[PDB]
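Here the structure is laid out as structure tokens; the discussion comes afterwards.
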Amino acid sequence: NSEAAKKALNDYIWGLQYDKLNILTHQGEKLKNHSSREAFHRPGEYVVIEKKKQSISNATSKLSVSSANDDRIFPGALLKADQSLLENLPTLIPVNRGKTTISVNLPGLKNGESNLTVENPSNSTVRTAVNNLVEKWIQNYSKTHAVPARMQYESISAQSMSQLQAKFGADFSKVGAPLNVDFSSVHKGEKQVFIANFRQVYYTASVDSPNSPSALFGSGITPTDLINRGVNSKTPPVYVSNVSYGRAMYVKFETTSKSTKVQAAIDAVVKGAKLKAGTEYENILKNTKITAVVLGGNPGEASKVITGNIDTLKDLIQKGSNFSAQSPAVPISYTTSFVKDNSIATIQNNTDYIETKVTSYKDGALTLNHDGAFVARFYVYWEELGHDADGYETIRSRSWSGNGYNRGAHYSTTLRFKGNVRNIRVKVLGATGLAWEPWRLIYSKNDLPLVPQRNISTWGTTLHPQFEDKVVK
């Protein structure tokens, strides 16, 4: 009678065949291979705006709550695994539901205080019940139990709107729009832009895995009811298994520096290494323009854009680092699981894009010192990137003017290289003052890095030739 209706639902859902870790895959642009560059001279450096084709392959289960999706996102909600979820605006399935057991992980809660049962789950019933649990928790436990955020952190180099959407979700186009990412500034090679998603999580409402597909729906629901509702193997059913509450922000970083490690620099701030002393990460973030849209803090803030420097961030991070407990926090991320096997669903976005790396190889110098009581002979070679009339890049093989002259005891000299030099090759020959062969490879080294200042010295005796290859920078 009832057993029969449930069973019929159970098998129908259990019956569905689909590629779990695949139907939730979005493909963006695909690009033809491409690798080009542009290099030029500017005092003290040779600059190279290099453009390559790259691909990003992003996989997430922790989906982000937005004002557009807000009303469909609540623990236990029935959605389809279709194009709408791929775009992060999932459609709820129009069907009577069954009891939903929900569990909130606020600390202090004991006995069955942490567990809720909602009769006819709707965005309304479930949110009321959840918040009412959170209102109880505040009055009773907030003064005695602290709630420090758990911080989810993702960041990336802004290259393309389509790449940002793979990393942050199709959503990102609108949610992030207030940040106005100037993509030409990256492509023109002037700026280096970054984007970070911060999710500061105070608490989560996790739904208990139901005893069977049947339990998610109302009594009297039928495989036919779901066939008609388009709940099938093309577009199988999922449920919101978790909803995380707190405060989240999207942040844009704008350097003019052309450094490598900016990402690791930003990563360093976030990650506990607060005020890194010395000199490296410090002297990069010093000149960074922080722009942040926040979500959770107040009601009416997806508006209020925040501007400042690296410090204006750390203060935004610390302001949300703990749960103030004035009132229930707002949803900021959720998870779906397939009804069939309760497995967390993963959204995957792949796309192709044009990366723009800007690089600077600075002027450097090479000091050769001979101090030994034997007859030395230096040999230095390298190549020189230039351009022709038509604009294409040229390679000129060059050698030192001092190649193979005999050097005496007090010798010294400095060859200065501009940034467009590469393949630096040093050979040194000392005299063994004998008949059958008179020179020996004292020191050879190919592909020498163009460091600001390198000393290659010599000394000792005709038997034991000494030498040192040291950087001074």
Side-chain angles (χ1 to χ4, degrees), residues 9-33 53-66 68-69 72-95 152 154 156 159-175 197 199 206-207 209-210 212-217 223 225-244 333-353 355:
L9 238 358
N10 282 322
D11 296 317
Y12 170 69
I13 302 298
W14 287 335
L16 302 158
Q17 304 298 318
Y18 48 87
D19 195 350
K20 213 159 68 147
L21 29 127
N22 225 74
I23 28 167
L24 291 179
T25 281
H26 170 56
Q27 183 62 51
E29 288 216 284
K30 269 197 192 298
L31 287 186
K32 213 89 185 29
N33 259 314
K53 161 263 167 140
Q54 310 285 24
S55 21
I56 184 175
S57 214
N58 195 71
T60 342
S61 58
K62 322 187 86 199
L63 313 179
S64 77
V65 177
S66 74
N69 79 27
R72 318 135 172 260
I73 308 304
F74 58 94
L78 272 184
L79 317 167
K80 292 187 199 181
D82 58 22
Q83 197 62 44
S84 306
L85 185 62
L86 272 189
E87 277 154 11
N88 202 48
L89 221 108
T91 310
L92 272 182
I93 285 157
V95 85
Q152 167 169 187
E154 314 282 357
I156 200 180
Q159 288 310 306
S160 163
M161 184 47 61
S162 163
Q163 79 121 339
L164 286 173
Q165 301 190 95
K167 174 67 174 188
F168 299 119
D171 260 10
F172 182 69
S173 58
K174 305 176 200 175
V175 176
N197 191 291
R199 279 158 185 185
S206 33
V207 8
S209 39
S212 42
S214 85
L216 280 193
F217 312 76
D225 288 322
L226 313 186
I227 297 293
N228 296 340
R229 263 79 144 171
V231 183
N232 53 41
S233 290
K234 261 170 282 153
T235 56
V238 299
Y239 65 102
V240 175
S241 36
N242 274 255
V243 182
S244 275
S333 45
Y334 67 96
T335 283
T336 50
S337 287
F338 294 100
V339 164
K340 193 197 171 165
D341 63 342
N342 303 297
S343 56
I344 302 319
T346 282
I347 299 285
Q348 190 123 45
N349 301 307
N350 312 307
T351 202
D352 280 12
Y353 65 105
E355 175 143 284

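Only heavy atoms go into these numbers, but all of them, side chains included; no hydrogens, no water, no symmetry mates. When a residue number appears, it is its place in the shown sequence, counting from 1.
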Scanning both residues in full, the closest heavy-atom pair of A170 with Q165 reads O-OE1, 2.8 Å
Are the side chains of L89 and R72 in contact, using a 4.5 Å heavy-atom criterion?
yes
Quick check for you: to the nearest 0.5 Å, what is the distance between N350 atom CG and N58 atom CG?
8.5 Å
Within the 4.5 Å heavy-atom criterion, are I93 and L226 side-chain neighbours or not?
no
Only one of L79, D82, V238, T336 passes side-chain contact (heavy atoms from CB on, under 4.5 Å) with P90; say which it is.
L79
Are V339 and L78 close enough, and set up right, to give a side-chain contact (heavy atoms from CB on, under 4.5 Å), and what steps lead you there?
CA-CA 9 Å; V339 164; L78 272 184; 4.0 Å; yes
pair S244-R199: side-chain heavy atoms closer than 4.5 Å:
no
Supply the atom-to-atom distance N22 CG to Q348 CD, rounded to the nearest 0.5 angstrom.
8.5 Å
So, taking the atom named CG in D341 and the one named CD1 in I13, what distance separates them when rounded to the nearest 0.5 Å?
11.5 Å
Heavy-atom distance under 4.5 Å between the side chains of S66 and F172, does that happen here?
no
Cut-off 3.5 Å, side chains only: do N88 and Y334 have a donor facing an acceptor?
yes
Would you mind reporting whether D11 and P223 have side-chain heavy atoms less than 4.5 Å apart?
no
Do you know the tightest heavy-atom contact between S333 and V65?
N-CG2, 3.4 Å
Non-hydrogen atoms of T235 and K80 that approach each other most closely
OG1-CD, 3.8 Å
If you measure from OG on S214 to CG on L9, what distance do you get to the nearest 0.5 Å?
6.0 Å
Find out whether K340 and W14 are in side-chain contact, i.e. whether some heavy atom of one side chain is under 4.5 Å from a heavy atom of the other.
yes
Is there a donor-acceptor contact under 3.5 Å linking the side chains of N349 and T351?
no
Atom of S64, atom of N69 and distance for their closest heavy-atom approach:
O-ND2, 3.2 Å
I'd like to know if the side chain of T335 reaches the main chain of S241, judged simply by a donor and an acceptor atom lying under 3.5 Å from each other, with no hydrogens or angles considered.
no
Tightest non-hydrogen contact, residues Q54 and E355, listed as NE2-OE2, 2.9 Å
State, yes or no, whether a side-chain contact exists between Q163 and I156 at a heavy-atom distance under 4.5 Å.
yes
Below 4.5 Å, heavy atoms only, C-beta onward: do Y12 and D225 meet side chain to side chain?
no
Given side-chain contact (heavy atoms from CB on, under 4.5 Å), test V231 with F217 step by step and report yes or no.
CA-CA 12 Å; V231 183; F217 312 76; 5.5 Å; no
Interatomic spacing from CG in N242 to CD1 in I344 - rounded to 0.5 Å
6.5 Å
Tightest non-hydrogen contact, residues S61 and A345, listed as CB-O, 3.4 Å
Value rounded to 0.5 Å, distance of CG in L24 from OG1 in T346
8.5 Å
Got more than 12 heavy atoms from elsewhere within 6.0 Å of CD, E29?
no
